[PDB]
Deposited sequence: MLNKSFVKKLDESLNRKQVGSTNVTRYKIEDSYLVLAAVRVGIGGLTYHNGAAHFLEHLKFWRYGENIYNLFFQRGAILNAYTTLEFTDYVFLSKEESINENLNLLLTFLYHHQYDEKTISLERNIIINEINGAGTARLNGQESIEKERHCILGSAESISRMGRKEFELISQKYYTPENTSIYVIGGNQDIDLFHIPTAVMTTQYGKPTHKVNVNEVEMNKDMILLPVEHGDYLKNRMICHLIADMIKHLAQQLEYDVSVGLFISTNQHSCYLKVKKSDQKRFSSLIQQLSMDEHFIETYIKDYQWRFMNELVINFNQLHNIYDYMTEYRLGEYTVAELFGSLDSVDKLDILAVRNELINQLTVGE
């Protein structure tokens, strides 16, 4: 019953090295489209000048050709976006076109030459974006001054260091065909630079509270649980405390974001968690059931499956290990993180 369903999902889920990159594969029989996602390890936090977002714009260009125009003529919409630690290149298409579209995409991503006219043109485009969540977007876009201090040598060096197969994760969701090196020879287009070390530079009106007590998967469970618990208590008591989440694939720990003005009310609610002894145990039981229900519902949408692969590293981990981590969260884990949150809020 429940065990056979997790086994069903896991037999369609796989991850293997292809060339010098890794491809996470979730096959769906008779899906109408296939989602392909190329995720490069560089975002707004890897370099705080907006360089990653600048590179994302440059990556659409190769020898005067724009890959969005090439994909559009092939009937596919290429979408790109930069988050705090990654840059995503995502598109949907029929499975017969996946191999050629993917290899054409990696052809652009592993191109490392950008003339001055292309750099200056994209700078003007990005400055118009800066002049046109809000703190997160402007941090990714950078400022007009910060991107104006980077030239061709920097962008090309950054491309060679970060846009490599070793620093790339590929996710292909839907269909039934396997991804291999013969069809994507660009998966070996390497440079002299290996995978960059996970340097982060998390840079004053908010506080960042760590959720770190257990394995990588456990931290996501606890972080979602405590954030959901605090929001529920803030509703009944009609507070106005927003609780943001910092959950990144390259971070072993998870983090809660709360306004520094709302620190007092949030601190009170954290201490309010351990009041009702049955509240934590019943909310964990409700969350475990809700998590499984949402996963069953979400595993029909290609993009939602992709979000599980990036948040929970599904592929490296099985769905069995995901639910095993979920089922292992007890009230003692919550109380332990409750204590470390209170210690962080004290100082």
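In this entry, the deposited residues absent from the coordinate set span 1, 134-144, 216-220, 365-366.
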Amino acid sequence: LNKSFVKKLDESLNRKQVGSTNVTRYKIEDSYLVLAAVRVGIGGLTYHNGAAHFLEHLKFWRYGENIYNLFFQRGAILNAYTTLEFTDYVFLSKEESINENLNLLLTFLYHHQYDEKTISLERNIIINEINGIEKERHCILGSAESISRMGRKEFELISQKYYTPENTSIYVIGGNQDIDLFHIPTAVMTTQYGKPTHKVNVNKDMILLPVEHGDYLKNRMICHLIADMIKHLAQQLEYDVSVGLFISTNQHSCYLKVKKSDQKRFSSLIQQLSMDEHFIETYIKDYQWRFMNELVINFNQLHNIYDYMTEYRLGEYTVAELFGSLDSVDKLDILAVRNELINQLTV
From here on, numbers count along this sequence of modelled residues.
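For the pair 213-221 and 269-277, the mean B factor over Cα atoms is greater in 269-277.
Mean CA temperature factor is higher for 190-198 when stretches 249-257 and 190-198 are set side by side in the entry. Ranking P185, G132, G75, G174 by Cα temperature factor from the entry places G132 first. In the PDB entry, the Cα temperature factor peaks, among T318, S31, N69, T46, at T46. When all modelled residues of the chain are sorted by CA temperature factor, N293 is found within the middle third. When the modelled residues of the chain are ordered by C-alpha B-factor, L332 sits in the highest third. Ranked against the other modelled residues of its chain, the C-alpha B-factor of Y312 as given in the entry falls in the lowest third. Ranked within its chain, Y63 lands in the middle third, by CA B factor from the PDB record. Residue-level temperature factors show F299 in the middle third of its chain, judged at the C-alpha atom.
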